[PDB]
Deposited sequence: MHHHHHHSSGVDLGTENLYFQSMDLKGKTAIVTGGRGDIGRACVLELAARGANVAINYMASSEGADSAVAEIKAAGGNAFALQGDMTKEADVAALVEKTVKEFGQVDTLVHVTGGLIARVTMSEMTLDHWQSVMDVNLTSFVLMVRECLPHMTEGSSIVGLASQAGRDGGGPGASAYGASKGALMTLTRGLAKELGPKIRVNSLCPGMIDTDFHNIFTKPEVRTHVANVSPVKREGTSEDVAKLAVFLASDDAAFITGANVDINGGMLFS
């Protein structure tokens, strides 16, 4: 029973259901596994290859948990609706959203800016979050949470040719605050502001060296913070945009 108490305490998300978008990428898959490790049911969106999503589902099921994956474009209203509908049909509720959909898309200077590029960056980073939050609200429970993935770029403008990306992440940071007020006390809303993370998805040695921690971050680093913020261990934290950048920027 010393065990049973340990298991009970460790599995604090047992009985709860999470949606992770962008299980598509490294940070997303790490978040999926971190949520499941504490007992959450997980519905996994991915955009392109299903390889990492399928294997995450299989790992979760082998450990006695429950998950499924679904391809979709989170900039599309129909795909957003389908993901949430299938999540509720399968699990009956939604307790947390971790939205890892996003991206730089391309490096484009303002002098060469096109509306197509600007709109595409806004939609994948910001509109996708708007759509998912809207879709989830009818289903979220007392004590629910939303975790967004912003960036250090929201705080410093971003890197060369990334001005659209920075803008979209700054918008997400502000929206996190607006929604924390609009949706509390029922729902908490927080976002992460990662620095340089070593992933398939993002795009160097400089920055690792210049950083106080002398390394790039990992997807697992980010997942630990995401799940902390999603959990009841962060019950008095809402509207926060938490820097996870190895000491490269302070706020």
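J.: What portions of the deposited sequence, indexed from 1, have no corresponding C-alpha atom in the structure?
T.: Those stretches are 1-12, 216-222, listed in order.
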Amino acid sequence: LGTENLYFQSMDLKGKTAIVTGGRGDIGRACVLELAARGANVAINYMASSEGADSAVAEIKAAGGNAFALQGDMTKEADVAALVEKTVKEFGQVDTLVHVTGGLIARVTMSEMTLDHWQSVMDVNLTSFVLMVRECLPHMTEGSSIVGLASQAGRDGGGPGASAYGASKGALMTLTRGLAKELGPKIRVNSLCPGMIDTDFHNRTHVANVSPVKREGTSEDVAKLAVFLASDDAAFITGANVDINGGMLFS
From here on, numbers count along this sequence of modelled residues.
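J.: Looking at the entry, does 44-52 or 184-192 show the higher mean C-alpha B-factor?
T.: Mean B over CA atoms: larger for 44-52.
J.: For the C-alpha atoms alone, is the average B factor greater in 166-174 or in 86-94, going by the entry?
T.: Between 166-174 and 86-94, it is 86-94 that shows the higher mean C-alpha B-factor.
J.: Among 242, 18, 11, 229, which residue carries the highest C-alpha B-factor recorded in the PDB entry?
T.: Highest C-alpha B-factor among the listed options: 11.
J.: Among 223, 197, 36, 69, which residue carries the highest C-alpha B-factor recorded in the PDB entry?
T.: Of the candidates given, the C-alpha B-factor peaks at 197.
J.: Would you check the entry's CA temperature factor for residue 111 and let me know if it's in the chain's lowest, middle or highest third?
T.: Ranked within chain, residue 111 CA B lands in the highest tercile.
J.: Split the chain's modelled residues into thirds by Cα B-factor; is residue 135 in the lowest, middle or highest one?
T.: Tercile = middle for this residue's CA B-factor.
J.: Within this chain's modelled residues, let me know which third the CA B factor of residue 75 belongs to: lowest, middle or highest.
T.: Residue 75: CA B-factor falls in the middle third of its chain.
J.: Sorting the chain's modelled residues by C-alpha B-factor, tell me whether residue 127 ends up in the lowest, middle or highest third.
T.: Its C-alpha B-factor belongs to the lowest third of this chain's values.
J.: Relative to the other modelled residues in the chain, which third contains the C-alpha temperature factor of residue 81: lowest, middle or highest?
T.: Its C-alpha B-factor, which the entry lists for residue 81, ranks in the middle third among residues of this chain.
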